[PDB]
Each structure stands twice: as C-alpha cells, then as structure tokens.
C-alpha cells in the first residue's frame, strides 16, 4: 500500500506524484495509456515523416503562467517565441484592416463601449469562489445571445466570435457567455490577453517537460486503466482493468473530467456533482495541423469561415508548411479533405492542401474530449465543487482549475492545491 495513488499521467498527475514523492511520501502513478503527458502530446507528424509536432497543447505565456515558467526554469527547458504573424488574410468583410487587430476606425466607438461591458461583466467573477457561487447565472447563457446584445458592427462582431469559437472549442450557440467571461477574468481581466497568451512554445515539444518530471517519479505503471475507487474501508482500494488492485491512504484523480463517469466510486460521489459528471463538459475544440504548399510564412487568418482561425504553424521546407486550424468536431469533419480544402481556400485561394493531422480526443477512451468548456447552464450550477475532495479522493486537472482552466498552468495549479492539502492531511 502507498501513501498516495495518482491516477493519470498528464501534467497534473506528474506534478502531484513528483512533489508528494519529494516530500517523502510513498507514491504510485497509474497511467492508462502507453505514454505520459495526456492532452499535451508531441509526436511524429502523420503527414511529414521525421517531423515533430504538438498535436495537443502547444502554447504558454510566462507572465500568465508562473508555475509553468518555474518548471521550465527548474529543468532548463528551452522555449521559443511562437511564429510571428507578418501577413494577415482575414475574412471579416471589406472594411476590416489586414493586421492583427483588424478593427477599423469606424468601429472604434462601438469597440470602446463593448470593451467596457465585457470587462464590467468579467469583473463580476472572483476567481476563487467558483462560478456557481456568485449569482452569475444571468451570464450563463448562449454566447450568440450575449454577443447579439452587445450589438457590435460587423468586423468586431465577427472578430470576437471567431476567436471565441477558436478558444472555447464550441460554436457560439453552444458556448456559455459566462465561460467566455471566465477566460477573460483568468487573463488578468483582459480580452486581448486571451489571444496574447499564445506567446511561446516548447523548442523541443512538451515531452521535454514530461520527461523531466517523470524522471523524478520512482514508480509509474503504464497501460494501467483505473476502473474503481473504493474508500469504504480504512484504506482506499484502487481497482484496475486487468490486474490486481492497489491501495493507498489517499487517491488523486488526475484524469479528464469526461472520463470520471467510467470509474466506479464507492461510496458514490456527492450528489451535486453527479449529473455534470454523467453529461460531461461540452468542449469540442478541434485542432488540425494542415500540411500545405504555396503558403508564405507568417500568415494569420481570422474570419467567418468554418475555420474561424487559420494560422502559420511551422516550416516544413522552402515550399511547404504546416498551418493550424481551429474549429470544433461537432461542426467540421477533419477526414473530409475536400472540406478542408474549401475551408483553407476560403482564406487562402493560392494554397494547396497536401495533408491533415489531428488527434480524435473525443473518440479516445482515455479522454472523451479535448480541453474543457462547459455546456450552457452547467458551471453556474456546479463548478468549484468538481475540483474539491470527496473524503480521501482528490480531483485535479486543467478541467477543474478555477484559475486557468484548459491550460497546462491549470493542471499545475490544481495539483499544487491537492498536494498541499495532503501534506497537511
């Protein structure tokens, strides 16, 4: 038996297992898959032999992400500025200007006023209380309705919606306006900063930091899928698909929220959590790496396309690159290459699509989704509680971070909190 079993070897599990180990606890980490890192996944390109790509979560910003910065510094992990955009190819209508902030002067007054409203609304959110504890239900409505109320002129309207579609991984009618405001709050109450935090990347992929952390974790079992967590006895019993159980005084659930429903908890989890757990969050973000020819470096495109965003990802050769597109898997089928071409050509009619690469997070039984975003009405009902302990079982991860949900920083933050709680007892 162990002091702690950690379930899941994403960044959160890795942090928690390492820091409990360095505190002198006896820890076991169980990861269901054949790799560590979770929704941070670097691997070989499907399109380009020998090419290392981030298929999951690539970007960071030192200022917004101090725990991640500290990890990078601890292990001397090299980062680089994300590809600068030097060419803008928006689809926002004839008055938009082709630069990173494409709003024309004729919209300036409207943007001013909307800026006040958006930040006013976001300033209602105290990031420590939980979205269900602040009388925020009036904001917890479909984004398209909230945006219709701002009544914005065309360029800024579509610019906001496009970026919200990219960032939330939901179309406007499925996204919560409240969750959009939570992301604003999380970035030091900044609309701009939501996009500005795409600031740096791992020079060698997020695996660099995965490997550094794992090297400090003495006991890790891969291909070990947890199926039951039973705290009915004096010591927690952890049951596993094809093997003998493991026991520990404490268990950390560091798996994705949308998989918790596949674990049997004994006794059953607090009733208020159960239906959100059963339903899952609604995020459907779909990131597609597009292998292309005929694109010059430094392109960014934002617009009204089925791809709200399409931007430079990496050089492959002198004539070839990867672009990245964001959309959502409810609205777009990435295996339909014809559809991919149409979506690309919309912005960039000179560009030839060679290939696509993505991971199906939704179909992956170890995830059942990409990054977190709640369905409308979910998080103003129950939110903070999803990341709070039930007896000796802690719940951690990006999915349940109050402070930086959906980012690596949030995986670190939630782990930090579970670790401290365990150290006190």
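Positions refer to the first chain, counted from 1. By rigid core we mean the largest C-alpha set that fits within 1.5 Å across both forms.
*Asks:* Which is farther from the shown form in 8 other deposited structures of this protein in C-alpha RMS with the core fitted, 235 to 243 or 253 to 261?
*Replies:* Output: 235 to 243, the stretch lying farther off on average in 8 other deposited structures of this protein.
*Asks:* Between 80 to 88 and 212 to 220, which has the larger RMS C-alpha deviation from this form in 8 other deposited structures of this protein after core superposition?
*Replies:* Greater root mean square C-alpha distance in 8 other deposited structures of this protein: 80 to 88.
*Asks:* Should the higher mean CA B-factor in the entry be assigned to 133 to 141 or to 164 to 172?
*Replies:* Mean B over CA atoms: larger for 133 to 141.
*Asks:* Using only C-alpha atoms and the B-factors in the entry, which stretch averages higher, 232 to 240 or 312 to 320?
*Replies:* Looking at the record's C-alpha B-factors, the answer is 312 to 320.
*Asks:* Sort 30, 51, 366, 373 by C-alpha B-factor from the entry and give me just the highest.
*Replies:* Across 30, 51, 366, 373, the entry lists the biggest C-alpha B-factor for 51.
*Asks:* Highest Cα temperature factor in the entry, among the options 148, 342, 304, 328: which one is it?
*Replies:* Comparing C-alpha B-factors across 148, 342, 304, 328, the top value belongs to 148.
*Asks:* For the chain shown, is the CA B-factor of residue 386 in the lowest, middle or highest third of its modelled residues?
*Replies:* It falls in the middle third of the chain.
*Asks:* Taking the C-alpha B-factors as the PDB entry records them, is residue 1 in the lowest, middle or highest third of its chain?
*Replies:* Highest third - that is where residue 1 ends up once the chain's C-alpha B-factors are sorted.
*Asks:* Compared with the other modelled residues in the chain, in which third is the CA B-factor of residue 421?
*Replies:* Its C-alpha B-factor belongs to the highest third of this chain's values.
*Asks:* If you rank every modelled residue in this chain by C-alpha B factor, which third holds residue 396: lowest, middle or highest?
*Replies:* It belongs to the lowest third of the chain when residues are ordered by C-alpha B-factor.
*Asks:* Can you tell me which third, lowest, middle or highest, the CA B-factor of residue 182 falls into for its chain?
*Replies:* Lowest third.
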